[PDB]
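Novice: Okay, here's the structure, questions in a sec.
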Amino acid sequence: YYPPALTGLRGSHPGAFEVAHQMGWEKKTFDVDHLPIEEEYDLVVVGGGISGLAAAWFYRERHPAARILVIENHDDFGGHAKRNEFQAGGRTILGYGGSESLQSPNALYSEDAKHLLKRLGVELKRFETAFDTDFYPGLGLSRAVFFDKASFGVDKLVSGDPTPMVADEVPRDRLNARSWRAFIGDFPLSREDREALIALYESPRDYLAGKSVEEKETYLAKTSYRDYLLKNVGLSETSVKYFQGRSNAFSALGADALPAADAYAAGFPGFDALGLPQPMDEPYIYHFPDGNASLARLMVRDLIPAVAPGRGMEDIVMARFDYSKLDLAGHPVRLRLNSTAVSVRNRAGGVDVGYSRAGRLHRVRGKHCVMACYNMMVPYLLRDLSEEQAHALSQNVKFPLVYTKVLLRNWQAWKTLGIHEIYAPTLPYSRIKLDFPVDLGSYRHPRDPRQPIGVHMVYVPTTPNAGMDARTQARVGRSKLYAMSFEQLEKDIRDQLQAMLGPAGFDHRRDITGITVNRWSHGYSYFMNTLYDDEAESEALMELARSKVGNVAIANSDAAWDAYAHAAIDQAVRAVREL
Ligand SMILES: Cc1cc2nc3c(=O)[nH]c(=O)nc-3n(C[C@H](O)[C@H](O)[C@H](O)COP(=O)(O)OP(=O)(O)OC[C@H]3O[C@@H](n4cnc5c(N)ncnc54)[C@H](O)[C@@H]3O)c2cc1C
Ligand code: HEM
């Protein structure tokens with residue numbers, strides 16, 4: 001039993017969601033109050049992502065003798081933080097299934113989050129040498145933009161992209177980029193379109209001239225980035241398609257759904273002459289080879305020492321995890337996989353929890369409970385919620401995303417084209433890249449273009465320019481993914497890689513040796529969007545949603561309306577203190 005070596009349809013895989021949807025879609029209830037209580041714990045945690053694991057860890061720090069049960073519906077622990085493995089050339093190649101890197105941790109990680117990192121042996125400075133920052137730039141590789149036939153008349157890859165991005169691992173002086181005029185000059189757009197794009201960068205003007213600074217901020221909060229480019233900068237409908245998908249990977253929405261103020265904060269072009277006040281700079285290098293799955297693995301090994309030997313950040317990378325040790329009776333911490341919580345109820349100074357596993361209901365009991373699952377799931381579980389609080393929890397509509405890992409036999413085609421990363425403005429996969437090169441522990445990142453390498457590509461099922469709000473794009477994105485077979489997902493992967501790399505000799509039937517699709521149908525937590533949400537009413541809803549209910553506290557990154565691992569930790573810490 002070893003989920004990380006499984007390929008194919010992963011993420012929220014078949015088997016993980018069916019009981020959840022029986023509750024969510026069919027409104028079936030699974031009451032367990034006529035079943036005998038089978039086990040008792042000090043703490044029961046619903047949900048085995050980073051938030052739930054942190055809740056267990058901080059609970060145990062406060063109560064060293066505590067008996068803790070973690071209930072998790074997927075076949076692996078970690079929630080969005082998942083380890084993916086490939087076997088190639090007799091060596092393991094690691095990928096991350098979801099939760100990707102520690103985001104600007106020097107600036108954003110709270111005291112408690114840094115305390116967890118220290119106790120687990122994670123030294124942030126180690127990544128200043130573990131991350132091979134100059135590997136790809138030193139090979140002369142650059143980022144590129146792929147324009148597709150269907151939207152631009154021709155397939156064309158344009159390299160040398162100088163576009164600075166929010167979470168950038170490449171030092172600016174090492175982008176191997178070209179001037180805006182040279183770069184944009186190769187775009188397969190009309191001469192007029194190209195000269196307006198170049199002017200955007202070479203001749204910024206105050207597109208909101210006359211307005212005060214406060215009026216500009218108000219306008220930009222209620223205007224989408226796409227409408228600002230269209231109505232105020234004056235770009236054509238064809239020119240703005242270049243910007244449609246740029247924000248998909250980081251925000252799970254396109255330029256039609258992001259306020260122009262948020263594009264400004266993320267360094268998008270078009271604001272340089274508006275006279276706006278100061279708001280991206282921390283190097284994006286805090287990346288284990290399996291992403292933030294290493295954080296989950298570090299906590300699990302620390303909470304359940306029998307699952308794996310070693311201590312510290314180095315030996316976790318290749319540590320062998322024995323999943324049969326996760327849920328042993330008598331062990332004070334038990335992690336119960338493949339299990340959907342269906343009921344949570346305060347009773348007699350404690351909490352009764354029902355869960356379903358392999359089609360059968362079970363009842364356990366805790367002194368305390370932390371609900372670290374998707375917040376939208378809580379109203380279907382927590383029988384004590386007021387109607388007001390249940391409605392608030394349901395307002396956190398999460399964003400769907402797909403992280404796909406592809407094993408290439410070699411990456412000579414990437415070398416030939418001079419690229420390590422591609423942006424595709426109007427294709428399903430908007431970001432395709434050679435994986436981050438990290439050496440940590442005994443793991444060595446692939447180096448030889450003649451030999452296998454992992455590729456990472458992000459697909460966000462947006463519905464741009466439709467007049468939808470963000471919650472509706474998210475829901476509709478999930479219906480689209482629900483309609484797609486694995487075979488359909490694989491055809492998109494293969495078709496796009498063939499069209500982008502094919503001119504340099506790539507043959508997808510021969511050069512792809514592995515595919516892992518991490519389908520995160522419920523991905524990023526919702527976040528307050530000033531195009532569609534009132535800030536004061538959103539703050540109130542968020543605060544109400546996560547209010548403690550007896551001895552049941554609410555966590556997950558969802559509870560912060562903030563899709564980050566440090567939010568997951570901070571929300572768990574708040575949940576544990578409330579108990
Ligand atoms: C594709 C992707 C990439 C990301 N990249 C980054 C990144 O680079 N940096 C960063 O800081 N953050 C990133 N994130 C944010 C990510 O959500 C957090 O980092 C963190 O992994 C979330 O932890 P969590 O415990 O709050 O939620 P989750 O990881 O989602 O854990 C909640 C768990 O509870 C389970 N659950 C739900 N209902 C039930 C039930 N009834 N019974 C039992 N279990 C249940 C869910 O299935 C899930 O496994 C990314 C997210 C996604 C989707
Ligand atoms: C294959 C993976 C999945 C797909 C394709 C999928 C798809 C969908 C769709 C289309 C909806 C309706 C739109 C919405 O309300 O957001 C939905 C809702 C829901 N999903 Fe999923 N989902 C998946 C996985 C999961 C998982 C892992 C869970 C929880 C363990 C889950 C729990 C729910 C719940 C509770 C709802 C109802 C939300 C509400 O009523 O507020 N789903 N899902």
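Within each chain, counting starts at residue 1; across the structure tokens, chains are named A, B, ... in the order shown, with ligands numbered 1 upward in that order.
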Sort by chain and increasing residue number a table of all residues of chain A within 7 Å of ligand 1, each with its closest pair of atoms and their distance in Å to one decimal, counting only C-alpha atoms and all ligand atoms, and write it as a tab-separated table.
Specialist:
residue	atom	partner	partner_atom_place_in_ligand_line	distance
A:20	CA	ligand 1	41 (N)	6.0
A:46	CA	ligand 1	43 (C)	5.0
A:47	CA	ligand 1	34 (O)	3.4
A:48	CA	ligand 1	33 (C)	5.1
A:49	CA	ligand 1	31 (O)	3.3
A:50	CA	ligand 1	25 (O)	4.0
A:51	CA	ligand 1	25 (O)	3.5
A:52	CA	ligand 1	25 (O)	5.4
A:71	CA	ligand 1	43 (C)	5.2
A:72	CA	ligand 1	44 (N)	3.9
A:73	CA	ligand 1	44 (N)	4.4
A:74	CA	ligand 1	47 (O)	5.8
A:77	CA	ligand 1	49 (O)	7.0
A:78	CA	ligand 1	29 (O)	5.8
A:79	CA	ligand 1	29 (O)	3.3
A:80	CA	ligand 1	29 (O)	3.9
A:81	CA	ligand 1	21 (O)	4.8
A:98	CA	ligand 1	1 (C)	4.1
A:99	CA	ligand 1	5 (N)	3.4
A:100	CA	ligand 1	8 (O)	3.3
A:101	CA	ligand 1	8 (O)	3.8
A:102	CA	ligand 1	9 (N)	5.2
A:103	CA	ligand 1	11 (O)	5.1
A:339	CA	ligand 1	43 (C)	6.0
A:340	CA	ligand 1	42 (N)	3.8
A:341	CA	ligand 1	42 (N)	3.8
A:342	CA	ligand 1	41 (N)	5.8
A:372	CA	ligand 1	32 (C)	5.8
A:373	CA	ligand 1	34 (O)	3.5
A:374	CA	ligand 1	37 (C)	4.9
A:377	CA	ligand 1	38 (N)	5.6
A:381	CA	ligand 1	41 (N)	7.0
A:401	CA	ligand 1	1 (C)	5.8
A:402	CA	ligand 1	1 (C)	6.4
A:403	CA	ligand 1	1 (C)	5.8
A:520	CA	ligand 1	53 (C)	5.7
A:523	CA	ligand 1	53 (C)	3.6
A:524	CA	ligand 1	53 (C)	4.8
A:525	CA	ligand 1	17 (O)	6.7
A:556	CA	ligand 1	26 (O)	3.6
A:557	CA	ligand 1	26 (O)	3.7
A:558	CA	ligand 1	26 (O)	6.1
A:563	CA	ligand 1	15 (C)	4.5
A:564	CA	ligand 1	11 (O)	3.5
A:565	CA	ligand 1	19 (O)	3.3
A:566	CA	ligand 1	11 (O)	6.0
A:568	CA	ligand 1	26 (O)	4.2
Novice: Residues near residue 184 (chain A), anyone? I mean within 9 Å using only C-alpha atoms, not counting same-chain ones fewer than 4 positions away, as an MDAnalysis selection string.
Specialist: chainID A and resid 158 161 179:180 188 194:195 197:198
Novice: Keeping only N, CA, C and O atoms, write those residues as an mmCIF file, in the first residue's frame.
Specialist:
data_model
loop_
_atom_site.group_PDB
_atom_site.id
_atom_site.type_symbol
_atom_site.label_atom_id
_atom_site.label_comp_id
_atom_site.auth_asym_id
_atom_site.auth_seq_id
_atom_site.Cartn_x
_atom_site.Cartn_y
_atom_site.Cartn_z
ATOM 1 N N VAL A 158 7.082 31.624 -28.782
ATOM 2 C CA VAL A 158 7.886 32.844 -28.753
ATOM 3 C C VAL A 158 8.632 32.865 -27.425
ATOM 4 O O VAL A 158 8.000 32.989 -26.367
ATOM 5 N N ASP A 161 10.720 35.604 -22.849
ATOM 6 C CA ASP A 161 9.660 36.383 -22.218
ATOM 7 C C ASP A 161 10.205 37.114 -20.994
ATOM 8 O O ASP A 161 10.656 36.459 -20.046
ATOM 9 N N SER A 179 14.052 42.244 -25.299
ATOM 10 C CA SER A 179 13.342 43.493 -25.067
ATOM 11 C C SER A 179 11.854 43.309 -25.359
ATOM 12 O O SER A 179 11.446 42.393 -26.078
ATOM 13 N N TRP A 180 11.031 44.190 -24.784
ATOM 14 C CA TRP A 180 9.598 44.105 -25.044
ATOM 15 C C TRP A 180 9.311 44.271 -26.529
ATOM 16 O O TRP A 180 8.488 43.541 -27.090
ATOM 17 N N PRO A 188 2.113 36.581 -33.008
ATOM 18 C CA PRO A 188 1.287 36.453 -34.222
ATOM 19 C C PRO A 188 0.005 37.270 -34.106
ATOM 20 O O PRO A 188 -1.107 36.735 -34.059
ATOM 21 N N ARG A 194 0.356 44.686 -32.081
ATOM 22 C CA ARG A 194 1.699 44.635 -31.522
ATOM 23 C C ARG A 194 2.163 46.013 -31.063
ATOM 24 O O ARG A 194 2.798 46.140 -30.009
ATOM 25 N N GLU A 195 1.848 47.063 -31.828
ATOM 26 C CA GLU A 195 2.311 48.388 -31.434
ATOM 27 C C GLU A 195 1.562 48.902 -30.210
ATOM 28 O O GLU A 195 2.123 49.685 -29.437
ATOM 29 N N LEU A 197 0.479 46.826 -27.727
ATOM 30 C CA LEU A 197 1.120 46.083 -26.647
ATOM 31 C C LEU A 197 2.494 46.664 -26.298
ATOM 32 O O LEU A 197 2.835 46.809 -25.118
ATOM 33 N N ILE A 198 3.310 46.980 -27.309
ATOM 34 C CA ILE A 198 4.623 47.564 -27.038
ATOM 35 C C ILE A 198 4.473 48.916 -26.342
ATOM 36 O O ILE A 198 5.210 49.230 -25.398
#
Novice: Pick from A:42, A:123, A:435, A:75: nearest to ligand 2, with only C-alpha atoms and all ligand atoms counted?
Specialist: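 For ligand 2, the nearest of the given residues is A:75.
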Novice: Can you tell me, as a VMD selection string, what residues are no more than 10 Å from residue 466 (chain A) when counting only C-alpha atoms, ignoring any on the same chain fewer than 4 positions away?
Specialist: chain A and resid 256 to 257 462 473
Novice: Keeping N, CA and C atoms, export the residues of the selection given above as a PDB file, in the first residue's frame.
Specialist:
ATOM      1  N   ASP A 256     -10.585  38.153 -16.750  1.00  0.00           N
ATOM      2  CA  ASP A 256     -11.966  38.615 -16.684  1.00  0.00           C
ATOM      3  C   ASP A 256     -12.534  38.535 -15.278  1.00  0.00           C
ATOM      4  N   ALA A 257     -11.899  37.773 -14.388  1.00  0.00           N
ATOM      5  CA  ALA A 257     -12.475  37.529 -13.080  1.00  0.00           C
ATOM      6  C   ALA A 257     -11.622  38.083 -11.962  1.00  0.00           C
ATOM      7  N   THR A 462     -11.581  27.264 -16.354  1.00  0.00           N
ATOM      8  CA  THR A 462     -12.294  28.535 -16.296  1.00  0.00           C
ATOM      9  C   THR A 462     -13.353  28.639 -17.401  1.00  0.00           C
ATOM     10  N   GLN A 473     -18.024  30.482 -11.765  1.00  0.00           N
ATOM     11  CA  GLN A 473     -16.927  29.892 -12.541  1.00  0.00           C
ATOM     12  C   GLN A 473     -16.333  28.681 -11.826  1.00  0.00           C
TER      13      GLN A 473
END
Novice: Taking the DSSP secondary structure from the backbone, can you list the residues of region 6-244 of chain A that are helix (DSSP H, G or I), as a PyMOL selection string?
Specialist: chain A and resi 18-24+50-62+105-108+111-120+124-130+135-138+149-152+172-174+180-185+191-202+213-222+225-233+237-243
Novice: All residues within 8 Å of ligand 2 are required, counting only C-alpha atoms and all ligand atoms; please report them as number ranges by chain.
Specialist: A: 11-14, 16-21, 23-25, 73-74, 340, 373-374, 376-378, 380, 394-395, 397-398, 474-483, 519-522
Novice: Kindly indicate which residue among A:465, A:347, A:104, A:419 lies nearest to residue 240 (chain A), using only C-alpha atoms for the distances.
Specialist: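 Under the stated criterion, the closest residue is A:465.
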Novice: If we count only C-alpha atoms, what is near residue 258 (chain A) at a cut-off of 8 Å, once residues fewer than 3 positions away on the same chain are taken out, given as an NGL selection string?
Specialist: :A and (224-225 or 253-255 or 262-263 or 529 or 531)
Novice: Only N, CA and C atoms, please: the residues just picked out, written as a PDB file, in the first residue's frame.
Specialist:
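Writing the result to out_30.pdb gives the following:
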ATOM      1  N   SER A 224     -12.695  44.645 -13.658  1.00  0.00           N
ATOM      2  CA  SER A 224     -11.827  43.512 -13.959  1.00  0.00           C
ATOM      3  C   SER A 224     -10.589  43.966 -14.731  1.00  0.00           C
ATOM      4  N   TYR A 225      -9.505  43.189 -14.610  1.00  0.00           N
ATOM      5  CA  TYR A 225      -8.289  43.520 -15.338  1.00  0.00           C
ATOM      6  C   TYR A 225      -8.545  43.551 -16.840  1.00  0.00           C
ATOM      7  N   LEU A 253      -8.289  31.826 -11.611  1.00  0.00           N
ATOM      8  CA  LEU A 253      -9.210  32.625 -12.401  1.00  0.00           C
ATOM      9  C   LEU A 253      -8.447  33.409 -13.466  1.00  0.00           C
ATOM     10  N   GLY A 254      -9.150  33.751 -14.547  1.00  0.00           N
ATOM     11  CA  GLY A 254      -8.565  34.523 -15.621  1.00  0.00           C
ATOM     12  C   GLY A 254      -8.690  36.022 -15.397  1.00  0.00           C
ATOM     13  N   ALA A 255      -8.221  36.784 -16.392  1.00  0.00           N
ATOM     14  CA  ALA A 255      -8.189  38.238 -16.249  1.00  0.00           C
ATOM     15  C   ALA A 255      -9.582  38.857 -16.228  1.00  0.00           C
ATOM     16  N   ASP A 262      -6.060  43.863  -8.198  1.00  0.00           N
ATOM     17  CA  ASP A 262      -5.295  42.663  -7.865  1.00  0.00           C
ATOM     18  C   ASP A 262      -4.243  42.340  -8.934  1.00  0.00           C
ATOM     19  N   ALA A 263      -4.551  42.595 -10.207  1.00  0.00           N
ATOM     20  CA  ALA A 263      -3.527  42.562 -11.238  1.00  0.00           C
ATOM     21  C   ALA A 263      -2.399  43.542 -10.924  1.00  0.00           C
ATOM     22  N   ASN A 529     -13.407  38.584  -3.467  1.00  0.00           N
ATOM     23  CA  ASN A 529     -13.159  39.144  -4.796  1.00  0.00           C
ATOM     24  C   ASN A 529     -13.948  40.442  -4.915  1.00  0.00           C
ATOM     25  N   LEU A 531     -14.622  42.374  -7.277  1.00  0.00           N
ATOM     26  CA  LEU A 531     -15.569  42.458  -8.384  1.00  0.00           C
ATOM     27  C   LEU A 531     -16.950  41.952  -7.975  1.00  0.00           C
TER      28      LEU A 531
END
Novice: Among the residues of region 441-518 of chain A, find those DSSP assigns to strand (DSSP E or B) from the backbone and print them as a ChimeraX atom specification.
Specialist: /A:443,453-459,512-518
Novice: So how far away is CA of residue 109 (chain A) from CA of residue 286 (chain A), in Å?
Specialist: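 These atoms are spaced 12.3 Å apart.
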Novice: Can you tell me how far CA of residue 129 (chain A) sits from CA of residue 308 (chain A), in Å to one decimal?
Specialist: 25.7 Å
Novice: Taking only C-alpha atoms into account, name the residue in A:326, A:335, A:371, A:351 that is nearest to residue 545 (chain A).
Specialist: A:371
Novice: Between A:530, A:40, A:166, A:138, single out the one closest to residue 218 (chain A), counting only C-alpha atoms.
Specialist: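 Of the candidates, the smallest distance to residue 218 (chain A) is held by A:530.
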Novice: To one decimal place in Å, what is the distance between CA of residue 65 (chain A) and CA of residue 115 (chain A)?
Specialist: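 So the answer is 20.3 Å.
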Novice: From the set A:164, A:310, A:359, A:418, which residue has the shortest atom-to-atom contact distance to residue 501 (chain A), counting only C-alpha atoms?
Specialist: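 With only C-alpha atoms as the atom set, the closest residue is A:418.
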Novice: Need to verify the contact set: residue 542 (chain A), 8 Å, only C-alpha atoms, exclusion of same-chain residues closer than 6 positions in sequence. Can you return it as a PDB file with N, CA and C atoms, in the first residue's frame?
Specialist:
ATOM      1  N   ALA A 392     -22.947  30.423   6.049  1.00  0.00           N
ATOM      2  CA  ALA A 392     -21.657  31.075   5.879  1.00  0.00           C
ATOM      3  C   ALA A 392     -20.601  30.081   5.405  1.00  0.00           C
ATOM      4  N   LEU A 393     -20.534  28.907   6.045  1.00  0.00           N
ATOM      5  CA  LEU A 393     -19.574  27.884   5.633  1.00  0.00           C
ATOM      6  C   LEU A 393     -19.756  27.520   4.173  1.00  0.00           C
ATOM      7  N   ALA A 559     -10.936  28.299   6.309  1.00  0.00           N
ATOM      8  CA  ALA A 559     -11.475  29.128   7.379  1.00  0.00           C
ATOM      9  C   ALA A 559     -10.904  30.540   7.346  1.00  0.00           C
ATOM     10  N   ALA A 560      -9.751  30.725   6.715  1.00  0.00           N
ATOM     11  CA  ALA A 560      -9.137  32.029   6.535  1.00  0.00           C
ATOM     12  C   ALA A 560      -9.462  32.662   5.188  1.00  0.00           C
ATOM     13  N   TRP A 561     -10.230  31.984   4.326  1.00  0.00           N
ATOM     14  CA  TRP A 561     -10.474  32.452   2.953  1.00  0.00           C
ATOM     15  C   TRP A 561      -9.156  32.779   2.261  1.00  0.00           C
TER      16      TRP A 561
END
Novice: Using only C-alpha atoms, which of the listed residues (A:10, A:125, A:391, A:211) sits closest to residue 76 (chain A)?
Specialist: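 Among the listed residues, the smallest separation from residue 76 (chain A) belongs to A:10.
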Novice: Find the residues near region 441-456 of chain A: any atom within 7 Å, counting only C-alpha atoms, skip ones fewer than 5 places away on the same chain, and give them as a VMD selection string.
Specialist: chain A and resid 88 314 to 315 317 to 318 404 to 412 432 to 435
